[PDB]
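This report concerns only the one structure given below.
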Amino acid sequence: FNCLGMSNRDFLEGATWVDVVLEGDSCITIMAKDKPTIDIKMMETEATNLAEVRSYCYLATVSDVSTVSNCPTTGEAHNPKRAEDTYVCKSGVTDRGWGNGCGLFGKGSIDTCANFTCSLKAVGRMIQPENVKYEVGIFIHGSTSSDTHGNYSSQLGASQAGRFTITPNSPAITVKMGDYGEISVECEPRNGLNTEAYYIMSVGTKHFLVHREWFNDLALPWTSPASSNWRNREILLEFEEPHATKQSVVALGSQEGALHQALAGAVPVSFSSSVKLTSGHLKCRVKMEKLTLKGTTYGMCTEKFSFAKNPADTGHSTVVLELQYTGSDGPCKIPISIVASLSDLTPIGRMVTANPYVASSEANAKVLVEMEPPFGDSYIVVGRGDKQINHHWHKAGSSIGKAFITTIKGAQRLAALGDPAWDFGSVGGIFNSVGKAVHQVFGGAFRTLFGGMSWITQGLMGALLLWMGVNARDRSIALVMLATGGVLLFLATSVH
Amino acid sequence: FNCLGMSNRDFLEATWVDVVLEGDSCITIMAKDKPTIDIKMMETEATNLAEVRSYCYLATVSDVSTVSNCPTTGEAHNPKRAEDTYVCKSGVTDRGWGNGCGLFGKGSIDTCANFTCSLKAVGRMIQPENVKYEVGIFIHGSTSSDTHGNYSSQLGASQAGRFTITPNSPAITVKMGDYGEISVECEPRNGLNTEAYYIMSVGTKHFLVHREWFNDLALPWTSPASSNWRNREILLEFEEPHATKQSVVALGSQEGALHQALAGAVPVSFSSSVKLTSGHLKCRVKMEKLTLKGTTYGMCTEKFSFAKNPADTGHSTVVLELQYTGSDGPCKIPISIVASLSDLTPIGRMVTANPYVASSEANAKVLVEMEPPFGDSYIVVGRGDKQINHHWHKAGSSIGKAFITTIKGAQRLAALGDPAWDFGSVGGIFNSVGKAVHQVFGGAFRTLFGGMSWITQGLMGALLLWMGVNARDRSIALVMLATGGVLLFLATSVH
Amino acid sequence: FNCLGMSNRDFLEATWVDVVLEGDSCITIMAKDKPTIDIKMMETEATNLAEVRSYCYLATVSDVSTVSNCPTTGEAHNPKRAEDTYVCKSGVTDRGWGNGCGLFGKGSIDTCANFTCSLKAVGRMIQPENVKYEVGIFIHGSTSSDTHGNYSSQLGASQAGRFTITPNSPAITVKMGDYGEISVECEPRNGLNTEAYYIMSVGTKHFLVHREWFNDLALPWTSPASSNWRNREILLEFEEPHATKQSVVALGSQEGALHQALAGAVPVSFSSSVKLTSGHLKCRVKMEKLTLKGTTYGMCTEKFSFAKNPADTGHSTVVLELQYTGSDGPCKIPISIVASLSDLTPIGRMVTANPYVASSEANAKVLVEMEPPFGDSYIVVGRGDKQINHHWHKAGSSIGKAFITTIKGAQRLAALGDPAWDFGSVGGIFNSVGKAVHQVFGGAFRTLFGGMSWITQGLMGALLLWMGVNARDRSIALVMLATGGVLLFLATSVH
Amino acid sequence: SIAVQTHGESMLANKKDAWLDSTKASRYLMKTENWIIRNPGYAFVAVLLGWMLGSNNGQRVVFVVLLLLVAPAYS
Amino acid sequence: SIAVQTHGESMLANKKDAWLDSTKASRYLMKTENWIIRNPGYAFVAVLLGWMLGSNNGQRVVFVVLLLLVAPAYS
Amino acid sequence: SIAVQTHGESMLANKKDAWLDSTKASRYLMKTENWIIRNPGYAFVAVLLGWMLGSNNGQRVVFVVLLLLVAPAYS
Ligand SMILES: CCCCCCCCCCCCCCCCCC(=O)O[C@@H](COC(=O)CCCCCCCCCCCCCCC)COP(=O)(O)OCC[N+](C)(C)C
Ligand SMILES: CCCCCCCCCCCCCCCCCC(=O)O[C@@H](COC(=O)CCCCCCCCCCCCCCC)COP(=O)(O)OCC[N+](C)(C)C
Ligand SMILES: CCCCCCCCCCCCCCCCCC(=O)O[C@@H](COC(=O)CCCCCCCCCCCCCCC)COP(=O)(O)OCC[N+](C)(C)C
Ligand SMILES: CCCCCCCCCCCCCCCCCC(=O)N[C@@H](COP(=O)(O)OCC[N+](C)(C)C)[C@H](C)O
Ligand SMILES: CCCCCCCCCCCCCCCCCC(=O)N[C@@H](COP(=O)(O)OCC[N+](C)(C)C)[C@H](C)O
Ligand SMILES: CCCCCCCCCCCCCCCCCC(=O)N[C@@H](COP(=O)(O)OCC[N+](C)(C)C)[C@H](C)O
Ligand SMILES: *[C@@H]1O[C@H](CO)[C@@H](O)[C@H](O)[C@H]1NC(C)=O
Ligand SMILES: *[C@@H]1O[C@H](CO)[C@@H](O)[C@H](O)[C@H]1NC(C)=O
Ligand SMILES: *[C@@H]1O[C@H](CO)[C@@H](O)[C@H](O)[C@H]1NC(C)=O
Ligand SMILES: *[C@@H]1O[C@H](CO)[C@@H](O)[C@H](O)[C@H]1NC(C)=O
Ligand SMILES: *[C@@H]1O[C@H](CO)[C@@H](O)[C@H](O)[C@H]1NC(C)=O
């Protein structure tokens, strides 16, 4: 629900609503002017009523083996066990003569049948769209300590957080956040997990989210959901060198390890009577027109503060600290700011804790304050006069470097989500409305031509496209190949 | 020891002959004035096998532990890292004020899990001096059809010999009664390339695998009687660092994957000694002390009857089993193949050198094999009014015979390599220059196209034909066409 | 805390001034209507150190075992290779019937020796929030000679302040009695780049060392509190094998070689916390609340004498000590520097601004120090019969002094880099844009020649000068000449 | 992965069938043709590309086949 | 077999690691590098065949690379 | 640690002498001494190759110094 000690979160400036794409294990903080800063995150997604679509055998067993033999030129041997369904049969041919049995020399046909039993099977199930169940957490910053910022048994008890379920039946929900008002969100669970290009494959106790084509293409003996007879059983059987009267059959060993190797790249889920996975995305739209500030008329705290917990970098060019307040007065605003220097005390930074305050009247209160300073040397100032306490902070980056980082984050977000990435922080407008519509056609033209391809193959194909485009003429086909080769290399390096 | 009823049978024609006993093949030798010979390698046995390496294809994880660390301490160290049977990995998780750290970022974790191996695939190696070949030798004397394959009786007739060829006994001469002596000298060391093979055991299945393939195999492995495994993380998955406890899961049994990797290996038996019915063995067969009987019994005069009617053997030879009714001692059998019942001159070749009733008992059965010519002939048994005439048609022609023997020669060159020039060889100069050229060409060919499977051989050969046709130098074109033809032959021949 | 007798002193000149408090230097501020200010960084400290890595430089080998395998019977696997405190190596040795083997060739051996670290060098990291700079500030009031340097008197006179500057308290104001308030506001994060250093404790010696050099050391090492060493085979030597027992010897103490590798590392003191005396600190000092002393007393009436003759501080300032015979309470001293005794116009600016006698007791010694102009001058105390004079010659010239100032500024620019532009800075557009253009070409040059040494720098500077003076293009022949000049400057800087 | 690395044709002379000879033709081609059937667009783009960087009909088909074989391998 | 027909990267938008992400770089190239290392002679013939097919240097090196790639994969 | 891994000049603003600053001149050039002294013939041959690898008279000096510095550093 809350994203402070989380590696990857995005920041979104505000005007009455904004649509976001809650990703797997990331979070979003939405800063707006004259609004409480709020964080929203998709904690997990779930399936509940899964129906079997297939089974695959990976440990088969041969029970009894028979060989019907015919003399040379007598025709083809026919084992009567070909009329029974649980028997796998194959026709071979063995040398026959006077020493073997028969009155003619040459290649006599034999028919060998072995009883097929399946010991262990991998079960592939599917998800109906009306059963996906997203868990979503929303939290208002408010006035928290460090031992309650992520508890949610205190955030819920202070009307500052909520976990709620998004279902295709009920794509929208409102949360009462106390004096902050109401926060609403309507999502797109149907446009969430594709749920029509995936199966849930269970191998023993390991459950995976596999593609439908891949699951359909396994070279293993398979069967219908309720059925018992198998097809393509000969994959797990070996008929050795033929013998006139007794040719043996061996079942191959368990393919569970080979299946696990094949599952490389699948997404492990945790099927415990209900599929639970913490990946994918969910596109939502949050309304905060009913979200208001709390305690607009507290006033400033008078007595001195302290750094109860030193300022710490959070990794997103943001700082967090915790102030202990000696004042025994009631709720009051915290006089805290980021300045370029302790002379010329004007604020230069923006604070994401949204007008902090000391929510209690009991003394020795502890308040977590979390703010984003600018690049270079800054001072965190709280208090005034003799009570003013200060802290020197330094931010290492630069604006152009941050622009490059944001550019590559956006490029790989387009890679991750494709078209829904154009709905990340959008406020409408023709620019996004046409960017989505052109990314759709370009993605189709790119996916019919380079889908189902690994990073090495696409990297080499892109390198060849660069070579060709440099040697290309007419300057019109050149740039197309340059763009495609750039994209293929970006994709090939985006995962290493 | 004799080959009647084998689909792989060869025929050979100053006093010794160089043969290559193959795995399931047989050799028939018909000399100028000698009895017909059947020689065959039957079984190869290796007796003392030394373990080299054991691969684990099934592992289990017992006890998983994790130690977390803050970004202010560096990497973590799990105490169980100092225990032999534990596999440990260093992962990285997210840390902040919520977990209990002082700073935000990435903290280090170290996770150790127990590693017990359940099933190991043992590999063993062959010592050349422990290699035994089993060789069967037989002389076409006087046998019935059921006796023709019985060693307990051919030994009593002094018409057969089963002997073991080893490096310490490379040459054996076997008594053959009234036919004389037949000898062989063989080089077992050149037979089975023990320096390039292993005996992998996967449960109750044993194979003969290349050493280079066995060594490169990617599984946890241990030395003989060591019980300390290496590269165990191949059968392990460390997943989803959790900053409290990370789950580690062993992968499934690799036995099915192992059998899929073994696709191409030669299965063998293993009952404290590896048995093998493939491979070859070069021998030199000495007939100088071998001869025909030297006396003739005199024609059998009673009536003959076919106990088993003439049957084709599939090798352009016709076999039948006569039954002699009379009991007038050993006697010579009147039997021949003629062009017509007017000119009774024999025309074919007699595989049974001089058929005769060995015993002096009524209803004695005798198996006779002939080599009739292509076309129409007659099997004539007896003379006068006891004569039996059996019309026999041998389909085919000598041109087709030559073509099929050329194909067999090419296949022997492919499967046997250089010893193919030692087959039916009598030390000719042509064989020596051909063999010497074959080493220098099949070294260069093999060092380049040695690891190629049939499909890539076919593609490479087709490309070479194309390039040689488009080649202009007229000498790079010749050699490129030659190599491309070899590649197409090796690709198509095994299908 | 005090600045006289320093040999590294700087002089500066509308309400604040930006200074860099170099570790072994001092700054004297001489404003218009303000007392003279002595500001210096005395020592940097670090209290909480966390280990990151321990390098072994003295190991011990105790129990050596060698197992051997025949030339083609597998690879030897020592049982103790299961144990973790053992370093194991596999070698090859000559083997034959002379040796226990049955085959002649290269047999295999596995040797394992127990490893034990005796002495380790521990690397700790400094958290930036535990860094504190100790800063001394001093007002040039009335001091004697024995007191000008005694802190327990200047504090007793409300005349000096010695304070701690941390990231949690980057600014502070010092009470200075009748002089008002001096305030300072610093940047305790840019001073010591704790992100690029480690404290290595080898023996009882402690060093401030670079991170990359520490991480490139070739020695056995552990993570903190781990004792699971790695690269243990650096400290061990395996002699020639013997197939039954091999010798393993630990190389001697690497303490000496470690000291040699530390050439250039900065020695520190780490008894219970790290105390550095080098470094730099960037502070703005503001004087708006600093007032000239409110004085109600007049000139001294009795005689003065040189209690200590004028002396030359190495920075073109004189210092002397006067003796007051009178006992008329506090009184201001009529001391001046003039060009000639017939015209007593004061011309040398005073550094001990408004000198005076403090106590009412006679025989008071008063230290007065001054900045006379170049050439000849006279120090005059009193008037008439009570007048005392002292001739003083200041050798040098302003035109020459500009050269020394420029070279000292260049040395500061080399030593400080970018913060050198904040030295003596008061706002400014040229100064800020110079700092900005020094950001670029400061790291642009660094990424090309940061890791070089002085001799490498000099050879590169000479080669760039050669190519530039030959270069046809005037655009490229100026940048290359500039790099050649700066590289030779940085080479000669160490001398 | 062990199953991917396969013991090929044994150098031992053998007038019989090896361990898995029923799959000798399939095992080297099944995944390639399967991937092609799932990715027709790559087949078309590879055919188009082999014409670009060739120099005659002889060596354009070679490029086309080389691309059509190199992509199903290495996925 | 089924190990060669690997699943590949998941279309799902993920930021954890997939099932066997520790082999995302290895498994594709392990067989090829082993085959090249253990058949070093084929490198020469591929080099010469590419240098003879290619009209120009770039075409030559492209031929060589695809030749060095398609042989260890189908063998 | 291996003494060729020399810490070198520190980037810290310092005014004392660092560890073993009496040897700054020696430790970076002492090894080239006691090697040129023991191998004058190499100096002769290096001058000879410098005079023949340099088209320009201003290239010969650079080559000669480069050789006379690079050989002793790697023994
Ligand atoms: C004289 C005028 C010249 C005008 C030149 C204009 C050139 C502009 C071309 C810019 C194109 C850059 C687009 C790059 C975006 C890459 C996004 C990405 O990550 O890749 C996408 C797809 O990327 C694309 O296909 C982007 C479009 C292709 C490039 C378009 C080139 C158009 C060239 C126009 C030339 C005009 C010339 C006019 C001359 C007069 C991934 O696939 P998704 O569909 O998102 O699905 C995600 C799932 N999976 C990871 C499994 C793939
Ligand atoms: C007259 C005009 C002048 C021009 C004359 C040109 C002469 C050209 C002659 C070319 C001869 C090429 C010979 C190639 C021999 C390759 C043999 C080889 O690869 O050996 C294989 C066996 O391969 C063969 O049997 C291939 C035989 C190919 C023979 C090709 C002969 C081509 C003759 C060309 C005639 C030139 C006509 C001249 C007129 C213009 C055995 O391998 P081993 O390593 O010993 O054992 C392992 C066995 N195995 C690989 C099968 C797993
Ligand atoms: C024609 C138009 C007019 C152009 C006017 C150009 C004026 C440029 C004047 C540049 C003077 C630079 C003097 C630098 C003195 C500083 C001391 C020094 O040389 O040492 C520097 C040398 O390093 C530098 O190169 C940075 C100094 C600034 C260099 C700025 C050069 C600008 C040249 C501009 C060229 C003008 C082109 C005009 C085109 C028409 C060390 O600094 P760092 O690298 O930060 O320290 C770390 C290294 N160490 C541990 C050893 C201390
Ligand atoms: C006659 C003259 C003709 C002129 C022709 C003009 C042609 C111009 C073509 C330029 C195309 C460039 C496209 C790529 C730009 C970088 C975008 C990026 O990847 N960066 C995005 C990522 O943002 P997010 O990931 O936060 O949100 C995601 C939502 N979003 C993607 C909608 C913003 C932004 C800047 O940070
Ligand atoms: C104007 C220019 C004129 C140009 C003239 C052109 C002439 C071309 C003639 C080429 C004929 C080559 C035929 C070679 C076939 C080889 C296959 C083979 O080995 N077969 C052998 C018999 O096979 P074996 O089973 O006994 O094997 C063992 C035989 N060995 C020991 C001899 C190897 C014979 C040759 O078929
Ligand atoms: C045909 C027309 C031809 C005309 C061409 C004329 C060209 C002559 C111009 C020469 C100007 C050179 C001045 C710059 C070099 C000296 C740099 C230096 O380091 N020196 C500084 C001493 O500063 P500090 O370190 O004391 O204080 C700190 C102050 N700081 C951080 C700003 C340096 C000053 C400037 O000297
Ligand atoms: C054959 O297998 C079936 C299950 O597949 C089993 O029920 C039956 O008992 C088996 N029959 C024999 C003869 O083993
Ligand atoms: C939250 O705080 C309550 C006390 O109000 C405590 O009982 C609970 O364990 C805390 N939960 C977490 C996750 O810290
Ligand atoms: C071989 O002949 C013996 C002796 O007559 C007979 O007892 C036995 O049954 C035969 N054995 C075989 C192999 O058929
Ligand atoms: C081996 O060394 C370890 C420490 O590394 C020590 O504790 C142990 O006593 C030694 N083993 C022997 C020789 O018993
Ligand atoms: C400083 O002066 C005090 C007077 O209280 C004296 O006792 C002490 O000896 C002096 N200290 C030093 C360091 O000289």
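Labels for the structure tokens follow display order: chains A, B, ..., residues from 1 in each chain, ligands from 1.
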10 Å contacts from chain D to chain A using only C-alpha atoms, as a JSON list (two decimals) with N, CA and C atoms, in the first residue's frame:
[["chain", "number", "residue", "atom", "x", "y", "z"],
["D", 1, "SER", "N", 21.75, -27.13, -19.40],
["D", 1, "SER", "CA", 20.80, -28.13, -19.86],
["D", 1, "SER", "C", 21.53, -29.28, -20.54],
["D", 2, "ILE", "N", 21.21, -30.50, -20.14],
["D", 2, "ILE", "CA", 21.90, -31.67, -20.68],
["D", 2, "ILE", "C", 21.21, -32.19, -21.93],
["D", 3, "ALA", "N", 19.88, -32.13, -21.99],
["D", 3, "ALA", "CA", 19.16, -32.68, -23.13],
["D", 3, "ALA", "C", 19.48, -31.94, -24.43],
["D", 4, "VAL", "N", 19.84, -30.66, -24.35],
["D", 4, "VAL", "CA", 20.17, -29.92, -25.56],
["D", 4, "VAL", "C", 21.49, -30.41, -26.16],
["D", 16, "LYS", "N", 23.20, -51.68, -36.42],
["D", 16, "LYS", "CA", 21.96, -51.72, -35.65],
["D", 16, "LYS", "C", 21.48, -50.29, -35.45],
["D", 17, "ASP", "N", 20.55, -50.11, -34.53],
["D", 17, "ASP", "CA", 19.99, -48.82, -34.19],
["D", 17, "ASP", "C", 20.59, -48.33, -32.88],
["D", 18, "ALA", "N", 20.90, -47.04, -32.83],
["D", 18, "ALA", "CA", 21.49, -46.44, -31.64],
["D", 18, "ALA", "C", 20.40, -46.21, -30.60],
["D", 19, "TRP", "N", 20.70, -45.42, -29.57],
["D", 19, "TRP", "CA", 19.77, -45.29, -28.45],
["D", 19, "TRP", "C", 18.43, -44.73, -28.89],
["D", 20, "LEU", "N", 18.43, -43.59, -29.59],
["D", 20, "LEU", "CA", 17.18, -43.00, -30.09],
["D", 20, "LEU", "C", 17.38, -42.71, -31.57],
["D", 21, "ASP", "N", 17.19, -43.72, -32.41],
["D", 21, "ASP", "CA", 17.29, -43.53, -33.85],
["D", 21, "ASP", "C", 15.95, -43.29, -34.52],
["D", 22, "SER", "N", 14.85, -43.57, -33.82],
["D", 22, "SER", "CA", 13.53, -43.21, -34.35],
["D", 22, "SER", "C", 13.36, -41.70, -34.47],
["D", 23, "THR", "N", 14.15, -40.92, -33.72],
["D", 23, "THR", "CA", 14.03, -39.47, -33.72],
["D", 23, "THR", "C", 15.23, -38.80, -34.37],
["D", 30, "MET", "N", 12.79, -30.45, -35.52],
["D", 30, "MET", "CA", 11.44, -30.24, -35.00],
["D", 30, "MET", "C", 11.24, -28.82, -34.51],
["D", 31, "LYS", "N", 12.15, -28.32, -33.69],
["D", 31, "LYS", "CA", 11.98, -26.99, -33.11],
["D", 31, "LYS", "C", 12.07, -25.89, -34.16],
["D", 34, "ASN", "N", 8.77, -25.94, -36.15],
["D", 34, "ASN", "CA", 7.72, -25.47, -35.25],
["D", 34, "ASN", "C", 7.78, -23.96, -35.09],
["D", 35, "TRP", "N", 8.97, -23.42, -34.85],
["D", 35, "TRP", "CA", 9.12, -21.98, -34.69],
["D", 35, "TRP", "C", 8.74, -21.24, -35.97],
["D", 36, "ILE", "N", 9.10, -21.79, -37.13],
["D", 36, "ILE", "CA", 8.72, -21.16, -38.39],
["D", 36, "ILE", "C", 7.20, -21.13, -38.53],
["D", 38, "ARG", "N", 5.06, -21.05, -36.17],
["D", 38, "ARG", "CA", 4.56, -20.01, -35.28],
["D", 38, "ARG", "C", 4.97, -18.60, -35.67],
["D", 39, "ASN", "N", 5.94, -18.43, -36.56],
["D", 39, "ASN", "CA", 6.45, -17.10, -36.93],
["D", 39, "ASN", "C", 6.56, -16.95, -38.44],
["D", 40, "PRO", "N", 5.43, -16.94, -39.16],
["D", 40, "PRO", "CA", 5.51, -16.75, -40.62],
["D", 40, "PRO", "C", 6.06, -15.40, -41.02],
["D", 41, "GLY", "N", 5.78, -14.36, -40.23],
["D", 41, "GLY", "CA", 6.27, -13.04, -40.56],
["D", 41, "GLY", "C", 7.78, -12.97, -40.61],
["D", 42, "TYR", "N", 8.46, -13.70, -39.72],
["D", 42, "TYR", "CA", 9.91, -13.76, -39.81],
["D", 42, "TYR", "C", 10.34, -14.43, -41.11],
["D", 43, "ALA", "N", 9.64, -15.48, -41.52],
["D", 43, "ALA", "CA", 9.96, -16.12, -42.79],
["D", 43, "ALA", "C", 9.88, -15.12, -43.93],
["D", 44, "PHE", "N", 8.80, -14.34, -43.98],
["D", 44, "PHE", "CA", 8.68, -13.34, -45.04],
["D", 44, "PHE", "C", 9.76, -12.27, -44.97],
["D", 45, "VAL", "N", 10.05, -11.75, -43.77],
["D", 45, "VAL", "CA", 11.04, -10.68, -43.67],
["D", 45, "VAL", "C", 12.42, -11.21, -44.01],
["D", 46, "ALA", "N", 12.72, -12.46, -43.64],
["D", 46, "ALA", "CA", 14.01, -13.05, -43.98],
["D", 46, "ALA", "C", 14.14, -13.26, -45.48],
["D", 49, "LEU", "N", 14.84, -9.89, -46.84],
["D", 49, "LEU", "CA", 16.15, -9.37, -46.48],
["D", 49, "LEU", "C", 17.26, -10.04, -47.27],
["D", 52, "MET", "N", 18.21, -8.18, -50.28],
["D", 52, "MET", "CA", 18.84, -6.87, -50.15],
["D", 52, "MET", "C", 20.36, -6.97, -50.23],
["D", 53, "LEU", "N", 20.96, -7.82, -49.41],
["D", 53, "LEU", "CA", 22.41, -7.82, -49.25],
["D", 53, "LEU", "C", 23.11, -8.85, -50.13],
["D", 67, "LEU", "N", 19.55, -17.22, -42.95],
["D", 67, "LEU", "CA", 18.73, -16.50, -41.99],
["D", 67, "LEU", "C", 17.57, -17.35, -41.49],
["D", 70, "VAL", "N", 19.21, -19.67, -38.90],
["D", 70, "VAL", "CA", 19.91, -19.12, -37.74],
["D", 70, "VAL", "C", 18.98, -18.53, -36.69],
["D", 71, "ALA", "N", 17.76, -18.15, -37.06],
["D", 71, "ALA", "CA", 16.83, -17.55, -36.11],
["D", 71, "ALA", "C", 16.09, -18.58, -35.25],
["D", 72, "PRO", "N", 15.55, -19.67, -35.82],
["D", 72, "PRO", "CA", 14.92, -20.68, -34.95],
["D", 72, "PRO", "C", 15.88, -21.25, -33.92],
["D", 73, "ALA", "N", 17.14, -21.44, -34.28],
["D", 73, "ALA", "CA", 18.17, -21.67, -33.29],
["D", 73, "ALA", "C", 18.52, -20.36, -32.59],
["D", 74, "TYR", "N", 18.99, -20.46, -31.35],
["D", 74, "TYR", "CA", 19.16, -19.31, -30.47],
["D", 74, "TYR", "C", 17.86, -18.56, -30.24],
["D", 75, "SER", "N", 16.73, -19.22, -30.51],
["D", 75, "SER", "CA", 15.40, -18.65, -30.33],
["D", 75, "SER", "C", 15.27, -17.26, -30.93]]
> Any idea what's packed within 6 Å of stretch 49-55 of chain A, counting only C-alpha atoms, ignoring anything in its chain fewer than 5 positions away? Could you give it as a PyMOL selection string?
Replying inline: chain A and resi 122-127+222-225
Store the residues of this selection in a file with N, CA and C atoms, as a PDB file, in the first residue's frame.
ATOM      1  N   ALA A 122       1.730 -33.040 -15.666  1.00  0.00           N
ATOM      2  CA  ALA A 122       1.652 -31.598 -15.499  1.00  0.00           C
ATOM      3  C   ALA A 122       0.309 -31.123 -16.035  1.00  0.00           C
ATOM      4  N   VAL A 123      -0.413 -30.354 -15.232  1.00  0.00           N
ATOM      5  CA  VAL A 123      -1.780 -29.960 -15.557  1.00  0.00           C
ATOM      6  C   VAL A 123      -1.799 -28.500 -15.976  1.00  0.00           C
ATOM      7  N   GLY A 124      -2.347 -28.230 -17.159  1.00  0.00           N
ATOM      8  CA  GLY A 124      -2.508 -26.875 -17.644  1.00  0.00           C
ATOM      9  C   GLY A 124      -3.958 -26.444 -17.532  1.00  0.00           C
ATOM     10  N   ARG A 125      -4.168 -25.342 -16.812  1.00  0.00           N
ATOM     11  CA  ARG A 125      -5.474 -24.750 -16.569  1.00  0.00           C
ATOM     12  C   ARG A 125      -5.518 -23.352 -17.166  1.00  0.00           C
ATOM     13  N   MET A 126      -6.710 -22.769 -17.209  1.00  0.00           N
ATOM     14  CA  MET A 126      -6.893 -21.427 -17.738  1.00  0.00           C
ATOM     15  C   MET A 126      -7.687 -20.570 -16.760  1.00  0.00           C
ATOM     16  N   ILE A 127      -7.714 -19.269 -17.037  1.00  0.00           N
ATOM     17  CA  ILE A 127      -8.381 -18.286 -16.192  1.00  0.00           C
ATOM     18  C   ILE A 127      -9.535 -17.680 -16.974  1.00  0.00           C
ATOM     19  N   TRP A 222      -0.006 -36.154 -24.196  1.00  0.00           N
ATOM     20  CA  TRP A 222      -1.026 -35.310 -23.597  1.00  0.00           C
ATOM     21  C   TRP A 222      -2.389 -35.980 -23.659  1.00  0.00           C
ATOM     22  N   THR A 223      -3.349 -35.368 -22.972  1.00  0.00           N
ATOM     23  CA  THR A 223      -4.691 -35.916 -22.862  1.00  0.00           C
ATOM     24  C   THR A 223      -5.664 -34.782 -22.579  1.00  0.00           C
ATOM     25  N   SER A 224      -6.940 -35.050 -22.844  1.00  0.00           N
ATOM     26  CA  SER A 224      -8.004 -34.120 -22.513  1.00  0.00           C
ATOM     27  C   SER A 224      -8.170 -34.035 -20.997  1.00  0.00           C
ATOM     28  N   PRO A 225      -8.782 -32.950 -20.497  1.00  0.00           N
ATOM     29  CA  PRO A 225      -8.890 -32.755 -19.043  1.00  0.00           C
ATOM     30  C   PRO A 225      -9.411 -33.949 -18.255  1.00  0.00           C
TER      31      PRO A 225
END
> Could you list, as a list in words, every residue of chain C that has an atom within 6 Å of an atom of chain B, counting only C-alpha atoms?
Replying inline: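 Listed by rising number, the hits are residues 52, 74, 82, 84 and 226 of chain C.
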Expected file: the selected residues, N, CA and C atoms, as a compact mmCIF listing (two decimals), in the first residue's frame:
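Output file again-v7.txt is given in full below:
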# COMPACT_ATOMS: atom_id res chain seq x y z
N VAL C 52 34.47 -3.48 6.10
CA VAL C 52 33.98 -3.85 4.78
C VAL C 52 34.73 -5.07 4.25
N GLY C 74 41.75 -42.03 -13.31
CA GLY C 74 40.95 -40.94 -12.78
C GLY C 74 41.83 -39.85 -12.19
N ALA C 82 36.66 -31.71 1.08
CA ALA C 82 35.34 -31.47 1.67
C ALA C 82 35.40 -30.34 2.69
N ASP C 84 36.54 -26.86 4.59
CA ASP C 84 36.63 -25.52 4.02
C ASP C 84 37.90 -24.77 4.41
N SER C 226 33.30 -12.79 8.84
CA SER C 226 32.99 -13.97 8.04
C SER C 226 33.93 -15.13 8.30
> chain A residues within 8 Å of chain B, counting only C-alpha atoms: which ones, as number ranges by chain?
Replying inline: A: 4-7, 95-100, 103-106, 146-147, 149-150, 252-258, 260, 312-315
